[PDB]
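In the entry's author numbering, the protein residues as written are 32 to 94, 103 to 264, 284 to 351, 394 to 433.
Idealized CB from N, CA, C, for every residue including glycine.
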Amino acid sequence: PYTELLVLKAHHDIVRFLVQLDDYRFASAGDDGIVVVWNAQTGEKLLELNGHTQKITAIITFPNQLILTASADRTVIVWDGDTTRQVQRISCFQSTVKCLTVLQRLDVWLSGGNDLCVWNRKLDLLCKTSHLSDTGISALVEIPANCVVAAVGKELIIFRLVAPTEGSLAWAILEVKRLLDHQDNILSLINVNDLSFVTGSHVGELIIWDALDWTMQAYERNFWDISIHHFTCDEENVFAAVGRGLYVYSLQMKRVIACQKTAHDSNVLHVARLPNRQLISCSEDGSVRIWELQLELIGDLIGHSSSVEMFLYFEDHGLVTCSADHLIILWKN
């Protein structure tokens, strides 16, 4: 259980994103276009970053550590963590940036909308696709050998990024493959352990891919048999929110191993495995449940009165949840 709880108040619209900054702080971001920095130990509100005029669509940290946010205002803003100063607003987009990702090795970060742009810390545009899609990149995930996988509707497009020769400043983006095996839009794209990545669609397709040669390994047209709303992964399992139920699929056995068909009174939104090996599920109605894997309901976390959009887990500071009810709740002990 988590007994004690703190209610952290600031947002005046749906809180969608939580992102850990360091060992004790995290940021939240909402449809109110506000970003807030919180102390996870004490629950103190540390900083507010105001500068977006519409909902935030993505937020990441760039390890001094920066915070980057994209918004339906068609900008990406880059924030200085310490001073809370706005380093730059980037507004050279004709469409909403939908995803942001860091390539650690190469020490760049990517924006994904109608096009893929490659950036460095100093905020130089190094390269960008032109007219990649009208659809928009819905997910970018790093895989080995400096490649990145982009979800574009039903398609996956794999790019390799090449740093310039010392002497030149010319980066290159090479398209290296397209995968066209989904009949439905790609909802989830996840790197499992740098050997596989997995994609899912809302209709219940699950595909496992080789992260090195980019070939199909396994395929399910409907891996659980109601739509799937979200997937996550550990080293060997996929945990899917499917209707009001949870399903656990083994990547090794290519089978559903565990199941709970009515885990909640409402659609399950998010389901994930914590480091400590417990499961957390989040629902439309506001309930959060903790499980141990048959699935045993350990904990019932009751407080939110509306969709729980995301959770964040600190080993030493407990559990954070955020909700369409404008609250963040920090659960402890």
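DSSP places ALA111 outside both helix and strand once states are collapsed to three, so it counts as coil. Beta-bridge partners of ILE87 (DSSP): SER110. In the displayed model, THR421 falls within a strand according to three-state DSSP. Take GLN318, set aside five residues on each side of it, and the residues of its chain with a beta-carbon closer than 7 Å to its own are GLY303, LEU304, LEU395, in chain order. For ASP119, the secondary structure class from DSSP, reduced to helix, strand or coil, is strand. One Cα belongs to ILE315, the other to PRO32, and the distance between them is close to 25 Å. Setting aside the 5 residues that flank it on each side, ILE176 is surrounded in the same chain by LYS137, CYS138, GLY151, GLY152, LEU155, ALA189, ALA190, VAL191, each with a C-beta closer than 7 Å to its C-beta; the list follows chain order. Taking each of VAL231, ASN159, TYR258 in turn and checking the Cα distance to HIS221, the smallest one comes out for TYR258. Annotation: the continuous beta strand (DSSP E) that includes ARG331 extends over 326-331. In the DSSP assignment, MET410 falls within the beta strand (DSSP E) that extends over 408-414.
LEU78 sits away from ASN70, with the two beta carbons spaced by 7 Å or more.
Rounded to the nearest angstrom, the Cβ distance from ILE225 to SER240 is 6 Å, consistent with a contact under 8 Å. In the structure shown, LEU351 falls within a coil segment according to DSSP collapsed to helix, strand and coil. Sixteen is the threshold: when 16 or more other Cβ atoms of the shown chains lie within 10 Å of the Cβ of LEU419, as they do, the residue is buried.
Counted as a single uninterrupted DSSP element, the beta strand (DSSP E) harbouring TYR305 occupies residues 303-308.
Looking at the DSSP output, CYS166 shares a beta bridge with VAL157.
Looking at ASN433, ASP54, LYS86, the one whose alpha-carbon comes closest to that of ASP44 is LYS86. For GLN143, the CB contacts under 8 Å within the same chain, skipping 5 residues up- and downstream, are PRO94, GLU181 in chain order.
Residue nearest to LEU200 within the set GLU194, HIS42, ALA184, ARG113 is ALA184 (criterion: CA-CA distance). Approximately 6 Å separates the beta-carbon atoms of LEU219 and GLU194; this is inside 8 Å, confirming the contact. Residue environment: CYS422 is assigned as buried (16 or more neighbouring CB atoms within 10 Å of its CB, all protein chains considered). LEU251 and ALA209 have their alpha carbons spaced roughly 26 Å apart.
Taking a C-beta distance under 7 Å as the contact criterion, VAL46 and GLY61 qualify as a contact pair. When the beta-carbon positions are compared, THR114 and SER130 come within less than 7 Å of each other. Counting C-beta atoms within 10 angstroms of its own C-beta, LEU430 has 16 or more neighbours from the protein chains shown and is therefore classed as buried. DSSP, reduced to helix, strand and coil, places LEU49 within a strand of the structure shown. Sixteen is the threshold: since fewer than 16 other Cβ atoms of the shown chains lie within 10 Å of the Cβ of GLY206, the residue is exposed. Taking C-beta separations shorter than 6 Å and ignoring five residues to either side along the sequence, the partners of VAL187 in its chain run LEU179, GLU181, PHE198, following chain order. Contact between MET410 and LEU49 holds, since their C-beta atoms are separated by about 5 Å, short of 8 Å. When beta bridges are read from the DSSP output, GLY151 appears opposite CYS138, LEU155.
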